[PDB]
There are 2 protein chains.
Amino acid sequence: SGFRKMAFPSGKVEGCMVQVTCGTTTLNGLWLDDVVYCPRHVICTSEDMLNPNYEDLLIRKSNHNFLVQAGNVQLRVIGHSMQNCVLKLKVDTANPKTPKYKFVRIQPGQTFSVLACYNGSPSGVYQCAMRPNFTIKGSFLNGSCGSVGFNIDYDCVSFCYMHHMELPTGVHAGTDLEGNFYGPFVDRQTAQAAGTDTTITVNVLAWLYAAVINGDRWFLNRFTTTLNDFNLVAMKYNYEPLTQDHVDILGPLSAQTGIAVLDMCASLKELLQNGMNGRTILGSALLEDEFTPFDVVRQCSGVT
Amino acid sequence: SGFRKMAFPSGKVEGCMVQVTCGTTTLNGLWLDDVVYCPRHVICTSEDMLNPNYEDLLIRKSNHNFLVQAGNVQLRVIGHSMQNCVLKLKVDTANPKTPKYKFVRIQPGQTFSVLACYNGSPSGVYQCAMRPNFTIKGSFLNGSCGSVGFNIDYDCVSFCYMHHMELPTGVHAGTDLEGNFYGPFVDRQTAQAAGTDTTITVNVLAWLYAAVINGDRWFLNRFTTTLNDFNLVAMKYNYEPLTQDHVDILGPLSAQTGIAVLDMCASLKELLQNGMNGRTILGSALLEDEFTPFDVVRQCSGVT
Ligand SMILES: Cc1c(N)cncc1NC(=O)Cc1cccc(Cl)c1
Ligand SMILES: Cc1c(N)cncc1NC(=O)Cc1cccc(Cl)c1
């Protein structure tokens, strides 16, 4: 028992981190097989970031201008190409520590672990959710660019995020591993609106099921609701509307606890309308939305 | 910017995890050099756990009864000994993945990362604090015994905790790597009182400094206090009394923010007396005590 904001073990990803330097800019790269992936803004100076013409800036660079260092080992760059907002540096050596991996574009509301890195060296690991507005509320400083987000399915690492930038609001934006930004963002030093965010309803419900499994049950009530009624409350409180697809993925937790999904919605409705009354759920005084139903099942069943 | 409950990268510890089976009990072991460390209750059956005589139970075991498997690789056990509540199984092969390491006994209030494991395989990583009452509020299921807690100082892993058991209250107890329990606990299936716990005051103050660094400043007020006055409030609210040693370790954060430690104590006093007023600090609606002053500096400076 107990429920923590647990990250995946980061070892498989640590073995892929390298430092990439181009000119006077150093950031992190991800070395998988014989390719190093990194944010394309490694080719910019500070003056370039106002409105970079990436195609023109990259034309001034040759393979030998990309310095890639895997801790101690220096990699020889034999090709370079830009794909969306990432650079792919072909190296002459396949990473001996390449885990089985996939590149995936996650949906908003899904969770993943981030291995925060600086100068190609891992600093720490944390779990977070991709917000419905496609930002992440990470912990990143200058030099963290190129740090990646990922999930693990037994021996396979699915990389879903590469960090690119911090918005003026202090939230983070980045791309999938094909260099496509999540959200409307562009890799430029310009103030950019992140959409209105919402709370990930299906994850709050999953976390309430995690609370019941772990013995925190005070919020369970004698009520039920309907999807329609619940969604009027969700709209008022800036929660994502709940759909039958969300009810379906909550099925395993409903079955494990014997609490019908709409009865848990009625508990969530009462918590939204009344607050927590100075009480806590799983050590939190707010409704937590960074655990998916899959995360709750994995954590509560001890999947390796 | 941003502030997360960040764990150390777990790769160096993942390389040390093995599965240990003795009879019908399987748990995790830590393979460092040519020794595997694991909880001594691997030698018990369920009937034995009521009141085990560990010396007698271990006398019935020979080296060949301890099955140690490092994923695929089977280790040959050439010696066994019990040290306090841990078994040390000497194996004929030094772990090629042994990182530089130390065994340390941490103080209550200090933090560390836990690599939760099952059957010798890592499941997830999370950061937590050793409570002032020597329990940890972990996330552990049956089979997690032998999972370890650790900190990292550049290339050195300081192992501080090995997980042994879950108390009837759902909190966790374990030992240092010499097998000495933290707290009054014994490795027996008996209800055992954990002391009265308190909130780690110096860590709440460190986290308020982390909040100011990251832009959450609403709780800063026009007041100051004294150590004596603050400690009357700390006593009323079940917080650890603040000492000059705690003020001294908060010095770097006080210097970085320009907020004198006693002025931050006055903000904490007002938060204790008034609550959060439905507001949040670093995404939390309660006062967080799982970040030490060292953690805040490390996270806010990007140490690798
Ligand atoms: C400074 C920083 C922090 N704190 C966290 N994460 C990232 C950064 N780096 C940047 O945002 C630098 C940058 C500027 C403009 C566009 C792009 Cl793509 C990148
Ligand atoms: C069951 C469990 C969980 N959930 C989490 N962590 C650990 C466990 N295992 C136990 O507590 C088994 C045990 C019983 C009595 C004494 C000792 Cl030392 C160990």
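Residues numbered from 1 in each chain as written, not as in the entry; some residues may be left out. Chains lettered and ligands numbered in written order. Heavy atoms only, no water.

In the PDB archive, X-ray crystallography is given as the structure determination method for this entry, at a resolution of 1.270 Å.

Under the PDB entry, the name given to chain A is 3C-like proteinase, and the organism recorded is Severe acute respiratory syndrome coronavirus 2. In the PDB, the structure is listed with the title "Group deposition SARS-CoV-2 main protease in complex with inhibitors from the COVID Moonshot -- Crystal Structure of SARS-CoV-2 main protease in complex with TRY-UNI-714a760b-3 (Mpro-x11317)".

1. Thoughts on the overall build of chain A
Along chain A, the regular secondary structure elements total 8 helices and 13 strands. Here the C-alpha radius of gyration of chain A, 21 Å, is about what a compact globule of 304 residues would show, namely 19 Å. For chain A, buried positions account for 56% of its 304 residues. Contacts in chain A between residues at least 24 apart in sequence constitute 64% of all its contacts with a sequence separation of at least 6. (Helix = DSSP H or I, 4+ residues; strand = E, 2+ residues; numbered from the N terminus. Rg over C-alpha atoms; globule rule 2.2 N^0.38 Å. Buried < 20%, exposed > 50% of the residue type's maximum accessible area, 1.4 Å probe, protein only. Contact = heavy atoms within 4.5 Å.)

2. Structural notes on the pattern of salt bridges
Side-chain pairs of opposite charge can arise where the charged atoms are in close proximity. Under the definition given, this model contains 22 salt bridges over all chains. Note that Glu290 of chain A is salt-bridged to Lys5 of chain A, the shortest N-O span being 2.7 Å. In this pair, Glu290 of chain A is assigned in the loop between α7 (261-274) and α8 (293-301) and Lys5 of chain A in the segment before α1 (11-14), connecting sequence segments 285 residues apart. A salt bridge links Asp289 of chain B to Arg131 of chain B, with the shortest nitrogen-to-oxygen separation between them at 2.7 Å. Here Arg131 of chain B lies in the loop between β10 (121-129) and β11 (148-153) and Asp289 of chain B lies in the loop between α7 (261-274) and α8 (293-301), a separation of 158 residues in the sequence. Under the relative-accessibility criterion, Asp289 of chain B is labelled buried at 7%. Each member of the salt-bridge network shares a partner with another, and the members are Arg4 of chain A together with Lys5, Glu288 and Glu290 of chain B. (Salt bridge = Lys/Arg side-chain N within 4 Å of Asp/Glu carboxyl O.)

3. A short note on the sheet that holds strand β2 (residues 25-32) of chain B
All names here are of chain B. Reading across the sheet, the 7 strands line up as β5-β4-β1-β2-β3-β7-β6 and stay open at both edges, with antiparallel pairing between neighbours. Lying at the two open borders of the sheet, with one neighbouring strand each, are β5 (73-75) and β6 (77-83). Between one strand axis and the next, the sheet turns through 30° on average, direction left out of account. (Pairing = 2+ DSSP bridges. Axes fitted to C-alpha atoms, helices over the stretch in contact; angles between N-to-C directions.)

4. Here's the deal with the site of ligand 2
Surveying the vicinity of ligand 2 reveals 15 residues, the closest of which are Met49, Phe140, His163, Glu166 and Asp187 of chain B. Around ligand 2, the nearby residues trace back to chains A and B. Between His163 of chain B and ligand 2, the recorded distance is 2.8 Å, taken from a side-chain N or O atom to a nitrogen atom. The separation between an oxygen atom of ligand 2 and a polar main-chain atom of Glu166 of chain B is 3.1 Å. When ligand 2 sits alone it has 460 Å² of accessible area, and the protein chains cover 85% of it. Split into classes, the residues belonging to the shell around ligand 2 amount to 5 nonpolar, 7 polar and 3 charged. (Near = heavy atom within 4 Å. Polar contact = N/O pair within 3.5 Å; in protein donor to acceptor, adjacent residues only side chain to side chain. Areas by Shrake-Rupley, 256 points an atom, 1.4 Å probe, with all protein chains shown as cover. Nonpolar A, V, L, I, M, F, W, Y, C, P; charged D, E, K, R; others polar.)

5. What about the packing of helix α3 (residues 201-213) of chain B against α8 of chain B?
All names here are of chain B. One way to put it is that α3 packs onto α8 with a least axis distance of 8 Å and a crossing angle of 20°. In terms of their interaxial angle, α3 and α8 are classed as roughly parallel. Considering the relative orientation of α3 and α8, their crossing is right-handed. Here α3 contributes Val202, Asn203, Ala206, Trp207, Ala210 and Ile213 to the contact with α8, which in turn contributes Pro293, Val296 and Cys300. Residue composition of the contact of α3 with α8, grouped by class: 8 nonpolar, 1 polar and no charged. (Parallel < 35°, antiparallel > 145°, perpendicular 65-115°, else oblique. Left-handed = near helix turned anticlockwise from the far one by under 90°.)

6. With respect to the sheet that holds strand β5 (residues 73-75) of chain A
Residues and elements named next belong to chain A. Sheet architecture is open: 7 strands sit in the order β5-β4-β1-β2-β3-β7-β6, paired in antiparallel fashion. Every other strand in the sheet has two partners, leaving β5 and β6 (77-83) as the edge strands with one partner each. If you compare each strand with its neighbour and ignore which way they point, the axes differ by 30° on average.

7. Looking at the site of ligand 1
As a structural note, the neighbourhood of ligand 1 is formed by 15 residues, with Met49, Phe140, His163, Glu166 and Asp187 of chain A the closest of them. With respect to ligand 1, its neighbouring residues span chains A and B. For ligand 1, whose unbound accessible area comes to 460 Å², protein coverage reaches 85%. Here the residues of the shell around ligand 1 are counted per class, giving 5 nonpolar, 7 polar and 3 charged.

8. Thoughts on the packing of aromatic side chains
Residues and elements named next belong to chain A. Following the criterion strictly, the structure yields 20 aromatic pairs over all chains and no others. Consider the rings of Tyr101 and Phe103, whose centres lie 5.6 Å apart with planes at 50°: the pair is tilted. For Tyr101, a relative accessible area of 24% puts it in the partly exposed group. Classification of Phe103 as partly exposed rests on a relative accessible area of 30%. (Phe/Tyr/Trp six-rings, centres within 6.5 Å; stacked < 30°, edge-to-face > 60°.)

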